[PDB]
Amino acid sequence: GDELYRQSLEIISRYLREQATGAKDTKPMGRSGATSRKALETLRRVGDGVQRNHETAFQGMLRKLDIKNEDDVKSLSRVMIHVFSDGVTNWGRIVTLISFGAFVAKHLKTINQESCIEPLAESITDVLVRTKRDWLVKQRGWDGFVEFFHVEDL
């Protein structure tokens, strides 16, 4: 199988689910776990901050997109793909997609649509490992993600 897919899906799914439920998945990741653990640390730190700093904007998007079922996720997919149609790709945009995914996942849980978190996570994963796969690989994948957002200890 596609390891970039597998790792990306695991990281993104784990973040979205722990955000939605308020509880960490206690079973450690056994494959590329060191990098994936650092990626989750990074998402809690940066991703939680994106949602807090931009809560009003995120609420506006939630309202516009009206995501309430799996069919609606197709709409988010088209939106995310077209983010990159201005020719710009960067880690800020990538983390922002995952952050907004968490924001949507929380809302899905409140309307008893936890089942749609799987298609949501798949849609975001697909933007990274299909639509922008070449860029993601050139940028060293999740090790690159972790490096970009790392905190220097002074």
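Numbering starts at 1 and runs along the sequence shown. Here, rigid core means the biggest group of C-alpha atoms that superpose within 1.5 Å across both forms.
Engineer: Taking the root mean square of C-alpha distances over all structures and residues in 6 other deposited structures of this protein, with a rigid core superposition, name the larger of 118-126 and 23-31.
Structural biologist: Larger mean C-alpha displacement, comparing 118-126 and 23-31 in 6 other deposited structures of this protein, is found in 23-31.
Engineer: Do the Cα atoms of 134-142 or those of 7-15 sit farther, on average, from the shown form in 6 other deposited structures of this protein after fitting on the core?
Structural biologist: If we average over structures and residues in 6 other deposited structures of this protein, the farther stretch is 134-142.
Engineer: Averaged over C-alpha atoms, is the B-factor higher for 58-66 or for 116-124 in this PDB entry?
Structural biologist: The entry gives the higher C-alpha B-factor average to 58-66.
Engineer: Would you tell me which stretch averages the higher CA B-factor in the PDB entry, 94-102 or 47-55?
Structural biologist: The recorded data point to 47-55.
Engineer: C-alpha B factor of residue 19, ranked within the chain: lowest, middle or highest third?
Structural biologist: For residue 19, the deposited C-alpha B-factor lands in the middle third.
Engineer: Sorting the chain's CA B-factors, does residue 38 end up in the lowest, middle or highest third?
Structural biologist: It belongs to the lowest third of the chain when residues are ordered by C-alpha B-factor.
Engineer: Would you please rank residue 130 by its C-alpha temperature factor against the other modelled residues of its chain and give the third it falls in: lowest, middle or highest?
Structural biologist: Middle third, going by the recorded CA B-factors of the chain.
Engineer: Which third of the chain holds residue 73 when residues are ordered by C-alpha B factor: lowest, middle or highest?
Structural biologist: It belongs to the middle third of the chain when residues are ordered by C-alpha B-factor.
Engineer: Classify residue 80 as lowest, middle or highest third according to the C-alpha B-factor given in the PDB entry, relative to its own chain.
Structural biologist: Lowest third, going by the recorded CA B-factors of the chain.
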